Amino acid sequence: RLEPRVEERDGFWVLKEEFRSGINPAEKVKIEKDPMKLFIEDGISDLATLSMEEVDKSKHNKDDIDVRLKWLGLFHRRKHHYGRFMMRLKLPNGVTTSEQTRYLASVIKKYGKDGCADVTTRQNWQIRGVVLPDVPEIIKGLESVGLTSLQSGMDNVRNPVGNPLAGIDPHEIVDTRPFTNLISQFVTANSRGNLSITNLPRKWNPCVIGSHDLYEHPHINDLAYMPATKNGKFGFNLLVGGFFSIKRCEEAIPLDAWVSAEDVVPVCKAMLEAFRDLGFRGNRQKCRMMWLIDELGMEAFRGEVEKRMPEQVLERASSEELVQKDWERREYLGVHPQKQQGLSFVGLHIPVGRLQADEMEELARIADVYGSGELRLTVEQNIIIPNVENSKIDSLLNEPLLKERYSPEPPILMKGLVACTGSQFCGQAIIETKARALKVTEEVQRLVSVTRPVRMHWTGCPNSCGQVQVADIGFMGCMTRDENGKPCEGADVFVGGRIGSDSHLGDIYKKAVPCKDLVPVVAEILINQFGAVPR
């Protein structure tokens, strides 16, 4: 045991025969045909042929559409958008150009009532509505503007998140951009696909911290790079194993490793390989990297990463940390000064992250006209317009879709509002979230007033995409039954989760609250635990 269970064969990575025992349905799909063959052997061109009738006629085509295709970031919404797809990108740091968002808006347009977009909770774009016939043209389209959507989906490395203010931030510990990009470019082998790394046992979330506020939520990632100097030289201490699941939630923990700026990619490479090689591949809810870790114990696991890297030395964690523990999270919504003299950024609302095609164009145009032609997406499903001259602020704050839809200064509960895709499009969802979230917040601001910023997170199912455990107040979809037995959408309410340097995970606080009784419960928590007032 601790002998690598996957080897290279004819260019692709595959689980050896003798380690094939308990393996789950996803592991059987991967074996039957490496999903990357859809992109590498252009299997994708043949997929754009099939009508949906033909696809569902055979078990192999139905795996491709529903599973394999996730490696090309294409997610079939079988239950809710049959024959249409949600497409997930690769966007290190949340940085997107106005050409990108424009190009995205144009792909969206083509579906009218059936296209929209979303900022995800890893500051990523999701596009909605696509159909197979369009994919080959959309991949060319995304490549021609900087994006790839490669490996965004199953057992790959997910969007590397960084500080949303990377490179414009007045109090910035390290510009995070190079590192998230370095990682993104590494994993994706420059949009060409890194096969050594697409046969993991499970998803894997990386992040890189550059802000004292810890906007990058290091505690919630499989690998979290934490700024600390070692010998004059700058670098990161490694936090490891953080994750949410149906069955388990674990906060990331020190690996006790320091790594220099140059060694960032190397460790990530080494650690992905340790995972790929050694991770469990049976029951799927025991497959995220943390399980491997407690199975071997920390040291033995460090040993495993250590021995996997260039010189086979992994330096120990340094005591010289750069993030300042006693620190209060800055608001980013609104007008804020940059570190560049005479420039400000403007954080914009984005109700629940949802955007339409017409509105995406306007942001893009506003970025061009006021800023540097770019935008910063953020983990609270909002976007910041960076680099505007202070002269232009006034006019900018006077623009139609800033007054109307995407406010720089929304009401206070909206400011920290986050919600997952929900049952509007997501096959997995127990409740509808995005609309329900705006309705419940609405009625809550009506009934109480709060001064403290408060973070509410809706998630539609225990997968916790919406990160209920990090929220002040959280909402996990469940179904409930009336005293008459009538099925009503409802949510578990989580209280007490904490963000930043003194992070904590929230606890179920009242179980199975039905959707009609939801507002009272929230109000009563607001007044009792967040100094809110009636009226």
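Note that residue numbering begins at 1 and tracks the sequence as displayed.
Relative to one another, 215-223 and 400-408 have unequal mean CA B-factors, and 400-408 is the one with the higher figure. Higher mean CA B-factor, judged across 444-452 and 274-282 from the recorded values: 444-452.
When the C-alpha B factors of 91, 309, 379, 383 are read from the deposited coordinates, the top value falls at 309. Looking at 374, 118, 326, 175, the one whose CA carries the top B-factor in the deposited record is 326. Among the modelled residues of its chain, residue 70 has a C-alpha B-factor that falls in the lowest third, as given in the PDB entry. Residue 266 sits in the lowest third of its chain by CA B factor, as recorded in the PDB entry.
When the modelled residues of the chain are ordered by C-alpha B-factor, residue 231 sits in the highest third. Placement of the Cα temperature factor of residue 471 within the chain: lowest third of the modelled residues, per the deposited record. Sorting the modelled residues of the chain by their CA temperature factor places residue 97 in the middle third.
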